[PDB]
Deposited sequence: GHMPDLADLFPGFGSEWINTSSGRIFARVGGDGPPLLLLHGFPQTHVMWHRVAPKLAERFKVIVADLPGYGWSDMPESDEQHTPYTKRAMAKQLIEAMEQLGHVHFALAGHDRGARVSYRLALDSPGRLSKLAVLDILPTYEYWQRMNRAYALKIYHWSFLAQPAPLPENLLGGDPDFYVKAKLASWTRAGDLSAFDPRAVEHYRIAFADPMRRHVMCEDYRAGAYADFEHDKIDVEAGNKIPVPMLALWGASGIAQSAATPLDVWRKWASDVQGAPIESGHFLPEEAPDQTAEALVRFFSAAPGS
């Protein structure tokens, strides 16, 4: 029993060469693509998307391999779940809708797709907002004891299959809820709509979806890092105007090294900005994208 958390939004299955992207589409006006991260699905936008839909055509997409999007076959390099490949697939999806120049807000893994998209194909983006991330390279470059403990899952989920898949299968419901809760300000699931938690829980209950998530993190440890590294070493900066939002529980300083036009603000929230702080997140997003 999965609730429709985007009343008035259409549901589109967008064909790409790598499989279907599922998206809820609402509103009218300039196209704005919203990308979720881990361990969520597009429904994480359910509290801010209607506010954006007042001014934009809002496309709330499941990342390749996530949610109801198709899961492209991975390979030894985790290619389809590299942010470069997911960005390419989402570019293809947006082209199916006739959107070759669009606004993009990404959270978590979707924000990684988003800034990789901005680096690879900046002409595709009017404006970019990234929610509660630093570039993948920065996470690995600042890897120390404190980060390793805090984002242990970056190294755990990146272990070779089937180690994470098997351990995740030990208690998937616990794991996804533990991830949701532990990264909120409150530390529990109270920030979330329980119908949204059900979406996340059901997606996480599928072993194939969990494997994709590990592929994403495997990409995150390997090719994504290498792709970011090439840009760092080449001085490649994001030229799209961008907003960096982060949960108070210095990202702007970091993003300034990656982006030529970045503004930023802390949001009184944990990691899940659009759900813990939907009004402030939605406000900042409309202000920026308007």
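Judged by missing C-alpha atoms, the gaps in the deposited chain sequence fall at residues 1 to 4, 254 to 260, 302 to 306, listed in sequence order.
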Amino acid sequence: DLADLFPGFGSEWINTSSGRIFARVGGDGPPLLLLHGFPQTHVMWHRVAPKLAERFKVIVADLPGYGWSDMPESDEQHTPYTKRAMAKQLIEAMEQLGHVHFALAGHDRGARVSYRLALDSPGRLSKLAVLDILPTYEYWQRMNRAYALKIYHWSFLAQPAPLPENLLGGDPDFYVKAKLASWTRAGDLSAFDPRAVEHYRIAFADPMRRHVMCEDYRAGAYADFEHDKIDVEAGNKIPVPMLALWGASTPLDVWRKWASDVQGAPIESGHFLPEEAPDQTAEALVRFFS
From here on, numbers count along this sequence of modelled residues.
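On average the C-alpha atoms of 258 to 266 have higher B-factors than those of the other stretch, with 59 to 67 and 258 to 266 being the two compared. According to the PDB record, 185 to 193 carries the higher mean C-alpha B-factor of the two stretches 77 to 85 and 185 to 193. Taking the deposited Cα B-factors for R145, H199, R142, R112, the highest one is held by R142. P172 sits in the middle third of its chain by CA B factor, as recorded in the PDB entry. In the PDB entry, a CA B factor belonging to the lowest third of its chain's modelled residues is recorded for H271.
When the modelled residues of the chain are ordered by C-alpha B-factor, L245 sits in the lowest third. Among all modelled residues in this chain, the alpha-carbon of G37 has a temperature factor (C-alpha) in the lowest third. Ranked by C-alpha B-factor against the other modelled residues of its chain, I230 falls in the middle third.
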